[PDB]
Each structure stands twice: as structure tokens, then as C-alpha cells.
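Below: the structure, in C-alpha cells.
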Amino acid sequence: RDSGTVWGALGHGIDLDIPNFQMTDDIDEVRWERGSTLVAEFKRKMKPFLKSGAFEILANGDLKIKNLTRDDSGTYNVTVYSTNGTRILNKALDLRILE
Ligand SMILES: [Ca+2]
């Protein structure tokens, strides 16, 4: 029920902040999924998945957008997993991009 909302502008930056989360050693897999597509998935076993240069996984397991766009407007979902491969934190935020 407590997802979250954010306001941004197309063509401008924006960082998707995960509520109550800390990308520390305890965190092994941080996936940034949106709808039926991937945006940025970081796995302790290196070899992550960056949708494109338009994104950058911050040091705190955050999402750094280069230039907002239509496809960027919507609800984002983060699934944080531990080193043991278990579910840690599952969040959902609302990223509204003003055109
Ligand atoms: Ca952040």
C-alpha cells in the first residue's frame, strides 16, 4: 500500500530512491524491474544487466536516469536479495515524468 511517488521532467535527471534499503555487503542481488522489462539488475556474481547507457546503478543500489522519457514514466519495482539468495526488500515506486 505504501509504494511512493516522484515528480520529474522529460530529458532531465532523476534518481529512484528505494525506501528503507541499504546496498551493503548483506545485499547480493538488486533487480530493477518495470512492468514486463528490465532496467538494471546487479548480481554479486558480476555480469549485471544495464538496459542501456541511459541508466547507472548508484553505489547505494539506486537507479540513476540520464534523460527522462515516456518509457521512464510509470511504477518501478525493486527486489533486493541477500547473499543466501533470499528475498530482502520488495519495493514499488511511482515515477511521474512531466512532459
Ligand atoms: Ca539513491
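So basically every Cβ, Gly included, is an ideal-geometry build from the backbone, and we count neighbours across all protein chains shown. Each reported figure results from applying straightforward, stated rules to the coordinates on display, with no laboratory input.
Structure values in brief
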{"item": "One residue from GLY4, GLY8, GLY61 being surrounded by 14 or more Cβ atoms within 10 Å (Cβ to Cβ) and over 14 Å from the mean Cα position of the chain (by Cα)", "result": "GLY8"}
{"item": "Number of the exception - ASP25 against (1) within 16 Å of the ligand (Cβ to nearest atom); (2) part of a loop (DSSP other than H, G, I, E, B); (3) in contact with a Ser or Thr (Cβ under 9 Å, 6 or more places away or on another chain)", "result": "(1)"}
{"item": "Lone unmet requirement of (1) surrounded by 16 or more Cβ atoms within 10 Å (Cβ to Cβ); (2) under 18 Å from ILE97 (Cα atoms); (3) within 16 Å of the ligand (Cβ to nearest atom) for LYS66", "result": "(1)"}
{"item": "Lone qualifier among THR75, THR79 - being in a strand (DSSP E or B), more than 16 Å from the ligand (Cβ to nearest atom) and either of a type outside the set (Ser, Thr, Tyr) or in contact (Cβ under 8 Å) with a residue 60 or more places away in the chain (or both)", "result": "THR75"}
{"item": "Of all residues in the range 1-21 being assigned to a loop (DSSP other than H, G, I, E, B) and either acidic (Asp, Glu) or farther than 19 Å from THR79 by Cα (or both), the one that is nearest to the ligand (Cβ to nearest atom)", "result": "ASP17"}
